[PDB]
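Read the single chain below, which is given as structure tokens and is the form deposited in one PDB entry.
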């Protein structure tokens, strides 16, 4: 069980957003705390990804690119799991100090995206996703979005992605065919959600000075340098189906 030993050992712990929960639920306050949470989670996503089996086989530039394209999906998938295990998924458990109820979903001006994130969260229950299946699926999501012109060493990426798909198939095997279809459909469903959030993030960065929404340093860098490559079609998700 070497592969799952590693995935369990490197899984990040709790990350707080730093939100002041006794101020009013304003658009600016909620979105600023979400941006701060993103900046804080990015630290952990980088350390997690660098410790994955085989990740250092990738060329160093492909290592940062793959993190910088897939962070949205990774973070939404993990938040869906937190919500499913914590508030059972009529709320969104972004962080222990940033839990969205319906009021916050409206004041954030993200209600429709939050609905879709809630549906993602509920699928962990409907499909009875095990912790091992969650861990393998999440690792795969790191290897599920790349430039259309390819990475600096695409061949090493294709081998690594192959091997993570094989590990997912092994966890299922330890009926099988139905399960694999269900899980790969679930993985595919993350990308349209992440794309809606990529669009929201970009639009909000552009008009941030006017809606009093603060963007941390690495969030502002990634949203203005990398996210527009996704929105303009230069970087695309790899779908199973």
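Numbering follows the first chain given and starts at 1.
The following text describes the form deposited with a partner chain bound, which does not appear among the structures shown.
Stretch-level contact analysis of 27-35, 202-210, 49-57, 183-191 against its partner chain in the deposited complex, using heavy atoms and a 4.5 Å limit, identifies 49-57.
Shown alone here, residue 217 lies within 4.5 Å of its partner chain in the deposited complex, counting heavy atoms only. Using a 4.5 angstroms threshold between heavy atoms, residue 172 stays clear of its partner chain in the deposited complex. Heavy atoms of residue 67 reach within 4.5 Å of its partner chain in the deposited complex, making it an interface residue.
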